[PDB]
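Engineer: Below is protein04.cif; it holds mmCIF, N, CA and C atoms; chains and numbers go by the auth columns.
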data_coords
loop_
_atom_site.group_PDB
_atom_site.id
_atom_site.type_symbol
_atom_site.label_atom_id
_atom_site.label_comp_id
_atom_site.label_asym_id
_atom_site.label_seq_id
_atom_site.Cartn_x
_atom_site.Cartn_y
_atom_site.Cartn_z
_atom_site.B_iso_or_equiv
_atom_site.auth_seq_id
_atom_site.auth_asym_id
ATOM 1 N N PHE A 1 71.943 94.883 85.392 0.00 1 A
ATOM 2 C CA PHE A 1 73.353 95.216 85.292 0.00 1 A
ATOM 3 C C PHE A 1 74.181 94.203 86.066 0.00 1 A
ATOM 4 N N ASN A 2 75.366 93.904 85.539 0.00 2 A
ATOM 5 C CA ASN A 2 76.367 93.098 86.221 0.00 2 A
ATOM 6 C C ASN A 2 77.743 93.639 85.871 0.00 2 A
ATOM 7 N N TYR A 3 78.612 93.738 86.874 0.00 3 A
ATOM 8 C CA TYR A 3 80.007 94.072 86.643 0.00 3 A
ATOM 9 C C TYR A 3 80.859 93.218 87.569 0.00 3 A
ATOM 10 N N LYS A 4 82.161 93.217 87.308 0.00 4 A
ATOM 11 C CA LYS A 4 83.132 92.473 88.100 0.00 4 A
ATOM 12 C C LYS A 4 84.489 93.101 87.800 0.00 4 A
ATOM 13 N N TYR A 5 85.467 92.813 88.646 0.00 5 A
ATOM 14 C CA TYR A 5 86.856 93.128 88.365 0.00 5 A
ATOM 15 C C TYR A 5 87.561 91.891 87.815 0.00 5 A
ATOM 16 N N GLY A 6 88.496 92.126 86.894 0.00 6 A
ATOM 17 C CA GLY A 6 89.176 91.066 86.191 0.00 6 A
ATOM 18 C C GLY A 6 90.372 90.525 86.955 0.00 6 A
ATOM 19 N N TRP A 7 91.112 89.645 86.277 0.00 7 A
ATOM 20 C CA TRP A 7 92.268 89.018 86.908 0.00 7 A
ATOM 21 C C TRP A 7 93.419 89.995 87.082 0.00 7 A
ATOM 22 N N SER A 8 93.542 90.977 86.189 0.00 8 A
ATOM 23 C CA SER A 8 94.622 91.948 86.314 0.00 8 A
ATOM 24 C C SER A 8 94.367 92.926 87.449 0.00 8 A
ATOM 25 N N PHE A 9 93.102 93.085 87.847 0.00 9 A
ATOM 26 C CA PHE A 9 92.798 93.780 89.090 0.00 9 A
ATOM 27 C C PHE A 9 93.401 93.047 90.279 0.00 9 A
ATOM 28 N N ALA A 10 93.179 91.732 90.356 0.00 10 A
ATOM 29 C CA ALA A 10 93.793 90.928 91.404 0.00 10 A
ATOM 30 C C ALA A 10 95.297 90.810 91.221 0.00 10 A
ATOM 31 N N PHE A 11 95.787 90.902 89.981 0.00 11 A
ATOM 32 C CA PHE A 11 97.228 90.932 89.761 0.00 11 A
ATOM 33 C C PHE A 11 97.835 92.225 90.283 0.00 11 A
ATOM 34 N N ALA A 12 97.072 93.318 90.263 0.00 12 A
ATOM 35 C CA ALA A 12 97.523 94.535 90.923 0.00 12 A
ATOM 36 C C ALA A 12 97.397 94.416 92.435 0.00 12 A
ATOM 37 N N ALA A 13 96.439 93.614 92.903 0.00 13 A
ATOM 38 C CA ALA A 13 96.226 93.463 94.338 0.00 13 A
ATOM 39 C C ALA A 13 97.334 92.644 94.985 0.00 13 A
ATOM 40 N N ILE A 14 97.712 91.527 94.359 0.00 14 A
ATOM 41 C CA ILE A 14 98.741 90.660 94.923 0.00 14 A
ATOM 42 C C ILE A 14 100.109 91.323 94.823 0.00 14 A
ATOM 43 N N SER A 15 100.357 92.047 93.727 0.00 15 A
ATOM 44 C CA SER A 15 101.623 92.749 93.552 0.00 15 A
ATOM 45 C C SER A 15 101.774 93.925 94.506 0.00 15 A
ATOM 46 N N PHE A 16 100.670 94.419 95.069 0.00 16 A
ATOM 47 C CA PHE A 16 100.752 95.420 96.129 0.00 16 A
ATOM 48 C C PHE A 16 101.436 94.862 97.371 0.00 16 A
ATOM 49 N N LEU A 17 101.243 93.573 97.646 0.00 17 A
ATOM 50 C CA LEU A 17 101.724 93.007 98.902 0.00 17 A
ATOM 51 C C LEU A 17 103.235 92.823 98.899 0.00 17 A
ATOM 52 N N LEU A 18 103.796 92.383 97.770 0.00 18 A
ATOM 53 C CA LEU A 18 105.207 92.012 97.736 0.00 18 A
ATOM 54 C C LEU A 18 106.110 93.235 97.812 0.00 18 A
ATOM 55 N N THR A 19 105.635 94.376 97.309 0.00 19 A
ATOM 56 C CA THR A 19 106.412 95.607 97.389 0.00 19 A
ATOM 57 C C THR A 19 106.549 96.090 98.823 0.00 19 A
ATOM 58 N N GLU A 20 105.479 95.991 99.605 0.00 20 A
ATOM 59 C CA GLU A 20 105.527 96.484 100.972 0.00 20 A
ATOM 60 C C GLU A 20 106.219 95.495 101.899 0.00 20 A
ATOM 61 N N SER A 21 106.206 94.210 101.547 0.00 21 A
ATOM 62 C CA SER A 21 106.891 93.207 102.349 0.00 21 A
ATOM 63 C C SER A 21 108.403 93.357 102.245 0.00 21 A
ATOM 64 N N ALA A 22 108.921 93.480 101.022 0.00 22 A
ATOM 65 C CA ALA A 22 110.363 93.566 100.822 0.00 22 A
ATOM 66 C C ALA A 22 110.939 94.895 101.288 0.00 22 A
ATOM 67 N N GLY A 23 110.123 95.949 101.345 0.00 23 A
ATOM 68 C CA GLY A 23 110.604 97.215 101.871 0.00 23 A
ATOM 69 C C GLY A 23 110.876 97.148 103.361 0.00 23 A
ATOM 70 N N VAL A 24 110.063 96.376 104.085 0.00 24 A
ATOM 71 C CA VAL A 24 110.380 96.046 105.468 0.00 24 A
ATOM 72 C C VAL A 24 111.631 95.184 105.521 0.00 24 A
ATOM 73 N N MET A 25 111.779 94.267 104.563 0.00 25 A
ATOM 74 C CA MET A 25 112.973 93.439 104.493 0.00 25 A
ATOM 75 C C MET A 25 114.206 94.237 104.097 0.00 25 A
ATOM 76 N N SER A 26 114.024 95.380 103.430 0.00 26 A
ATOM 77 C CA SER A 26 115.135 96.300 103.226 0.00 26 A
ATOM 78 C C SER A 26 115.620 96.867 104.553 0.00 26 A
ATOM 79 N N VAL A 27 114.688 97.272 105.419 0.00 27 A
ATOM 80 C CA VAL A 27 115.057 97.835 106.711 0.00 27 A
ATOM 81 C C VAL A 27 115.491 96.724 107.665 0.00 27 A
ATOM 82 N N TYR A 28 115.002 95.497 107.448 0.00 28 A
ATOM 83 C CA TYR A 28 115.628 94.327 108.060 0.00 28 A
ATOM 84 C C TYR A 28 117.095 94.239 107.672 0.00 28 A
ATOM 85 N N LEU A 29 117.367 94.278 106.365 0.00 29 A
ATOM 86 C CA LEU A 29 118.728 94.140 105.864 0.00 29 A
ATOM 87 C C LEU A 29 119.582 95.352 106.205 0.00 29 A
ATOM 88 N N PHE A 30 118.991 96.551 106.195 0.00 30 A
ATOM 89 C CA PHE A 30 119.767 97.755 106.472 0.00 30 A
ATOM 90 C C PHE A 30 120.191 97.818 107.931 0.00 30 A
ATOM 91 N N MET A 31 119.278 97.494 108.853 0.00 31 A
ATOM 92 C CA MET A 31 119.643 97.402 110.263 0.00 31 A
ATOM 93 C C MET A 31 120.636 96.274 110.505 0.00 31 A
ATOM 94 N N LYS A 32 120.534 95.196 109.727 0.00 32 A
ATOM 95 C CA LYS A 32 121.478 94.092 109.849 0.00 32 A
ATOM 96 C C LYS A 32 122.853 94.478 109.313 0.00 32 A
ATOM 97 N N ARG A 33 122.895 95.163 108.169 0.00 33 A
ATOM 98 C CA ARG A 33 124.176 95.566 107.606 0.00 33 A
ATOM 99 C C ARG A 33 124.748 96.806 108.282 0.00 33 A
ATOM 100 N N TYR A 34 123.937 97.559 109.031 0.00 34 A
ATOM 101 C CA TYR A 34 124.481 98.656 109.826 0.00 34 A
ATOM 102 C C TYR A 34 125.207 98.136 111.059 0.00 34 A
ATOM 103 N N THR A 35 124.879 96.914 111.490 0.00 35 A
ATOM 104 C CA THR A 35 125.604 96.281 112.585 0.00 35 A
ATOM 105 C C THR A 35 127.050 95.995 112.188 0.00 35 A
ATOM 106 N N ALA A 36 127.271 95.629 110.923 0.00 36 A
ATOM 107 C CA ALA A 36 128.621 95.336 110.456 0.00 36 A
ATOM 108 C C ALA A 36 129.413 96.602 110.150 0.00 36 A
ATOM 109 N N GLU A 37 128.735 97.715 109.878 0.00 37 A
ATOM 110 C CA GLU A 37 129.422 98.970 109.569 0.00 37 A
ATOM 111 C C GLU A 37 130.090 99.558 110.807 0.00 37 A
#
Translate this structure into structure tokens?

Structural biologist:
Amino acid sequence: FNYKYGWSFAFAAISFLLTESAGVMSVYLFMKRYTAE
């Protein structure tokens, strides 16, 4: 037997990272824009 995960598995893996990064950048931006409020 042999199995492997495909490229779309890794495409789901890399796309996991960018969602969690920008959500921190939302709270970066929200704390930054709350300073101006």

Engineer: Go ahead and compute the interatomic distance for atom C of residue 29 (chain A) and atom C of residue 12 (chain A), in Å to one decimal.

Structural biologist: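 It comes out at 26.1 Å.
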
Engineer: Quote the spacing between CA of residue 20 (chain A) and CA of residue 4 (chain A) in Å to one decimal place.

Structural biologist: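 Distance reported for this atom pair: 26.1 Å.
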
Engineer: Using DSSP on the backbone, list every residue of chain A that comes out as helix (DSSP H, G or I), and give them as a tab-separated table (two decimals) with N, CA and C atoms, in the coordinates of the input.

Structural biologist:
chain	number	residue	atom	x	y	z
A	7	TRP	N	91.11	89.64	86.28
A	7	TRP	CA	92.27	89.02	86.91
A	7	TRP	C	93.42	90.00	87.08
A	8	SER	N	93.54	90.98	86.19
A	8	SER	CA	94.62	91.95	86.31
A	8	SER	C	94.37	92.93	87.45
A	9	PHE	N	93.10	93.08	87.85
A	9	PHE	CA	92.80	93.78	89.09
A	9	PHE	C	93.40	93.05	90.28
A	10	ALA	N	93.18	91.73	90.36
A	10	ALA	CA	93.79	90.93	91.40
A	10	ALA	C	95.30	90.81	91.22
A	11	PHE	N	95.79	90.90	89.98
A	11	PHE	CA	97.23	90.93	89.76
A	11	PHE	C	97.84	92.22	90.28
A	12	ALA	N	97.07	93.32	90.26
A	12	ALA	CA	97.52	94.54	90.92
A	12	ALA	C	97.40	94.42	92.44
A	13	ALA	N	96.44	93.61	92.90
A	13	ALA	CA	96.23	93.46	94.34
A	13	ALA	C	97.33	92.64	94.98
A	14	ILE	N	97.71	91.53	94.36
A	14	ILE	CA	98.74	90.66	94.92
A	14	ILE	C	100.11	91.32	94.82
A	15	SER	N	100.36	92.05	93.73
A	15	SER	CA	101.62	92.75	93.55
A	15	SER	C	101.77	93.92	94.51
A	16	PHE	N	100.67	94.42	95.07
A	16	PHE	CA	100.75	95.42	96.13
A	16	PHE	C	101.44	94.86	97.37
A	17	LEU	N	101.24	93.57	97.65
A	17	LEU	CA	101.72	93.01	98.90
A	17	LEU	C	103.24	92.82	98.90
A	18	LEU	N	103.80	92.38	97.77
A	18	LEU	CA	105.21	92.01	97.74
A	18	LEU	C	106.11	93.24	97.81
A	19	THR	N	105.64	94.38	97.31
A	19	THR	CA	106.41	95.61	97.39
A	19	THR	C	106.55	96.09	98.82
A	20	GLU	N	105.48	95.99	99.60
A	20	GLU	CA	105.53	96.48	100.97
A	20	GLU	C	106.22	95.50	101.90
A	21	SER	N	106.21	94.21	101.55
A	21	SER	CA	106.89	93.21	102.35
A	21	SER	C	108.40	93.36	102.24
A	22	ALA	N	108.92	93.48	101.02
A	22	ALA	CA	110.36	93.57	100.82
A	22	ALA	C	110.94	94.90	101.29
A	23	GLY	N	110.12	95.95	101.34
A	23	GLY	CA	110.60	97.22	101.87
A	23	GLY	C	110.88	97.15	103.36
A	24	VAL	N	110.06	96.38	104.08
A	24	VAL	CA	110.38	96.05	105.47
A	24	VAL	C	111.63	95.18	105.52
A	25	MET	N	111.78	94.27	104.56
A	25	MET	CA	112.97	93.44	104.49
A	25	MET	C	114.21	94.24	104.10
A	26	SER	N	114.02	95.38	103.43
A	26	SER	CA	115.14	96.30	103.23
A	26	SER	C	115.62	96.87	104.55
A	27	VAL	N	114.69	97.27	105.42
A	27	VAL	CA	115.06	97.84	106.71
A	27	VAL	C	115.49	96.72	107.66
A	28	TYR	N	115.00	95.50	107.45
A	28	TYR	CA	115.63	94.33	108.06
A	28	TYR	C	117.10	94.24	107.67
A	29	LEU	N	117.37	94.28	106.36
A	29	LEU	CA	118.73	94.14	105.86
A	29	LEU	C	119.58	95.35	106.20
A	30	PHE	N	118.99	96.55	106.20
A	30	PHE	CA	119.77	97.76	106.47
A	30	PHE	C	120.19	97.82	107.93
A	31	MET	N	119.28	97.49	108.85
A	31	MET	CA	119.64	97.40	110.26
A	31	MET	C	120.64	96.27	110.50
A	32	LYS	N	120.53	95.20	109.73
A	32	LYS	CA	121.48	94.09	109.85
A	32	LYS	C	122.85	94.48	109.31
A	33	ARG	N	122.90	95.16	108.17
A	33	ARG	CA	124.18	95.57	107.61
A	33	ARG	C	124.75	96.81	108.28
A	34	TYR	N	123.94	97.56	109.03
A	34	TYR	CA	124.48	98.66	109.83
A	34	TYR	C	125.21	98.14	111.06
A	35	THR	N	124.88	96.91	111.49
A	35	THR	CA	125.60	96.28	112.58
A	35	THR	C	127.05	96.00	112.19
A	36	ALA	N	127.27	95.63	110.92
A	36	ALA	CA	128.62	95.34	110.46
A	36	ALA	C	129.41	96.60	110.15

Engineer: In Å, with one decimal, what is the gap from CA of residue 5 (chain A) to CA of residue 21 (chain A)?

Structural biologist: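 Between these atoms lies a distance of 24.4 Å.
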
Engineer: Got a moment to write region 15-33 of chain A out with C-alpha atoms, as a PDB file, in the first residue's frame?

Structural biologist:
ATOM      1  CA  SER A  15      -4.416  29.043   3.251  1.00  0.00           C
ATOM      2  CA  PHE A  16      -4.880  28.217   6.943  1.00  0.00           C
ATOM      3  CA  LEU A  17      -1.962  30.506   7.782  1.00  0.00           C
ATOM      4  CA  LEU A  18      -3.066  33.681   5.998  1.00  0.00           C
ATOM      5  CA  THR A  19      -6.494  33.743   7.656  1.00  0.00           C
ATOM      6  CA  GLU A  20      -5.045  33.654  11.161  1.00  0.00           C
ATOM      7  CA  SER A  21      -2.302  36.162  10.335  1.00  0.00           C
ATOM      8  CA  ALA A  22      -4.640  38.867   9.022  1.00  0.00           C
ATOM      9  CA  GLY A  23      -7.049  38.400  11.930  1.00  0.00           C
ATOM     10  CA  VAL A  24      -4.243  39.472  14.239  1.00  0.00           C
ATOM     11  CA  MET A  25      -3.662  42.305  11.767  1.00  0.00           C
ATOM     12  CA  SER A  26      -7.336  43.201  12.182  1.00  0.00           C
ATOM     13  CA  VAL A  27      -6.750  43.657  15.918  1.00  0.00           C
ATOM     14  CA  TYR A  28      -3.546  45.484  14.998  1.00  0.00           C
ATOM     15  CA  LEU A  29      -5.657  47.813  12.855  1.00  0.00           C
ATOM     16  CA  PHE A  30      -8.557  47.973  15.320  1.00  0.00           C
ATOM     17  CA  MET A  31      -6.328  48.972  18.244  1.00  0.00           C
ATOM     18  CA  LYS A  32      -4.635  51.442  15.892  1.00  0.00           C
ATOM     19  CA  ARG A  33      -7.916  52.942  14.681  1.00  0.00           C
TER      20      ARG A  33
END
